[PDB]
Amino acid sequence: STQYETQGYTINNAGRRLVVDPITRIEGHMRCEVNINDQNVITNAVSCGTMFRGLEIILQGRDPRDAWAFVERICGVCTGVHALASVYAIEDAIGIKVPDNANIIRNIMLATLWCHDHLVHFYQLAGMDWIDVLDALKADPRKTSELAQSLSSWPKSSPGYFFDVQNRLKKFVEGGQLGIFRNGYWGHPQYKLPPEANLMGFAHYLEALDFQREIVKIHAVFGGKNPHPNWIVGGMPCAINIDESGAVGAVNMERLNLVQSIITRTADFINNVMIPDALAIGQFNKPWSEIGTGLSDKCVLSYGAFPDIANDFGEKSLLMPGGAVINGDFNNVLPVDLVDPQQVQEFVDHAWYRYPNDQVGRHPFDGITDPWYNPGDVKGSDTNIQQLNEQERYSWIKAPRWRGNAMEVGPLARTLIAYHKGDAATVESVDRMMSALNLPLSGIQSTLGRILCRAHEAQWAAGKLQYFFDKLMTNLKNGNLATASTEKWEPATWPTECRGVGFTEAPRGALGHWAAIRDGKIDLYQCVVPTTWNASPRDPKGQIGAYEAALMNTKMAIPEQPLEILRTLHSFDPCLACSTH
């Protein structure tokens, strides 16, 4: 066993080793190992991406115009965000400016994804860490109604309704086929909701499972389908025709009407179901405002997103602020430049890749993706891992750093950045939310805080959906229909050699695609994805990433039942396919 100190933590791999493989209710494949001391407190945390596909390799030699379609399949959960980063990156390289309506529609596609992804994460992925589903069988339907009605204007609150939901769950379990609920953690002492709140939350789980399917109809209108909508370099392929012959073959007034209907229902569901449920979980689980802080009070990163001025990616344009905080200094939000070789770098000393010098980090324009499965001195063998060796290479995930700093990304990160840059809406929303829970601002820097910020963001994005739709309609009213710029569609028009960066804020955090074009083909394509940051392994200085830090110092009631680990990891919304690509 060894011990060292990093970022205020004592990393100590003495004592009992716990393994969680597979991590469920995430996207893709992850392994987590911890060491716990005699007090059942985590003294070591190990984050391992257990998949790789190699999109950066596959993309070499392809047409830049096709890139978006390949990289979209990095992830079906954050479906679309890689396509967006891709078209941004190729446009940046070639020197393409898209028409305003294309930009607005892209912002709509991203806002739609935020709403959908955050909602499904809250209920289907994270929710059963907080709601004891089997305890809902003990609830009183009327008390459930009364609770729901005290929290929300949402119509669906009748005692008979909660009774019907409860009876559905009863009939589901009565044959001993518990399905997704089998061998869960039900009854664990960290489940703190009263039975009525469990039945309220379980009802909402089912309502959310139903409703989410509707949100992505906006993607179907503008992008053909969901999952995995279509895009183009130069704008979007969904040509608009409002008032001319053949409007039946385009985005017309009836199609826009459908979009408006979905926006309204989406905002209503988020504001009246998800938001009150998020606050209720807060209310019954306030100790988790002080668990799982990790890097969230030290180092946080946003690139920013939602450019409101078409083709302008500066501070005055991006509606979701960018910036970096290091050293817990939230009074110094620092500017981020994704071309600067000294800012974003990835290390692979603790990952399954080859670099010429594994003791230095490479900016993505100098990035290398040369897979090398080498777990070294594991307990077990290279095809039968009982214990990773975190002193060596232990993940398919590269280790990104910002100016050498280990950073947290995602909703909590963005919220902190926006808050401290003085964004009025963010400040008002956070203050209101923490006021309601009688918690300090610092309570947001926590596992509970990550979930609260995700709910805040879903509401924020639903509001932005309407804003963008209104801007699109304003253009249409003014006779401005253009959706694509094609002056530089043909390879012959491109620079012989050029490179570019496409960046946005995916649901899980800061996303960048770095692309180099040469002789009409992709020369290099390097992705650094939000979960790459958060699930990162260690660097040459032994510095730990956001997941490892957040798991550090965590109390476990029952070592064999990893509920606390699941709570903290799930709170980041891990996308492991994204992380590894």
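Quick note: we count residues from 1 along the sequence shown, nothing fancier. Here, rigid core means the biggest group of C-alpha atoms that superpose within 1.5 Å across both forms.
**Student:** After superposing on the rigid core, which of 200-208 and 421-429 has its C-alpha atoms sitting farther from this form in 5 other deposited structures of this protein?
**Tutor:** The more displaced stretch in 5 other deposited structures of this protein turns out to be 421-429.
**Student:** Could you check whether 375-383 or 217-225 drifts more from the shown form in 5 other deposited structures of this protein, using RMS Cα distance once the core is superposed?
**Tutor:** Comparing 375-383 with 217-225, the larger C-alpha deviation in 5 other deposited structures of this protein belongs to 375-383.
**Student:** On average, which has the higher Cα B-factor in the deposited entry, 327-335 or 460-468?
**Tutor:** Between 327-335 and 460-468, it is 327-335.
**Student:** Where do the C-alpha atoms have the higher mean temperature factor in this entry, in 11-19 or in 565-573?
**Tutor:** Per the deposited B-factors, the answer is 11-19.
**Student:** Highest CA temperature factor in the entry: which of 382, 408, 210, 505?
**Tutor:** Of the candidates given, the C-alpha B-factor peaks at 382.
**Student:** Quick one: which of 113, 437, 71, 416 has the biggest Cα B-factor according to the entry?
**Tutor:** Across 113, 437, 71, 416, the entry lists the biggest C-alpha B-factor for 437.
**Student:** Grab the CA temperature factor for residue 553 from the record and place it in the lowest, middle or highest third of its chain.
**Tutor:** Residue 553: CA B-factor falls in the highest third of its chain.
**Student:** In terms of the CA temperature factor given in the entry, to which third of its chain does residue 161 belong: lowest, middle or highest?
**Tutor:** Middle third, going by the recorded CA B-factors of the chain.
**Student:** Just say lowest, middle or highest third for the CA B-factor of residue 535 relative to the other modelled residues in its chain.
**Tutor:** It falls in the bottom third of the chain.
**Student:** By its CA B factor, does residue 393 count among the lowest, middle or highest third of the modelled residues in the chain?
**Tutor:** Ranked within chain, residue 393 CA B lands in the middle tercile.
**Student:** Lowest, middle or highest third of the chain for the C-alpha temperature factor of residue 42?
**Tutor:** Its C-alpha B-factor belongs to the highest third of this chain's values.
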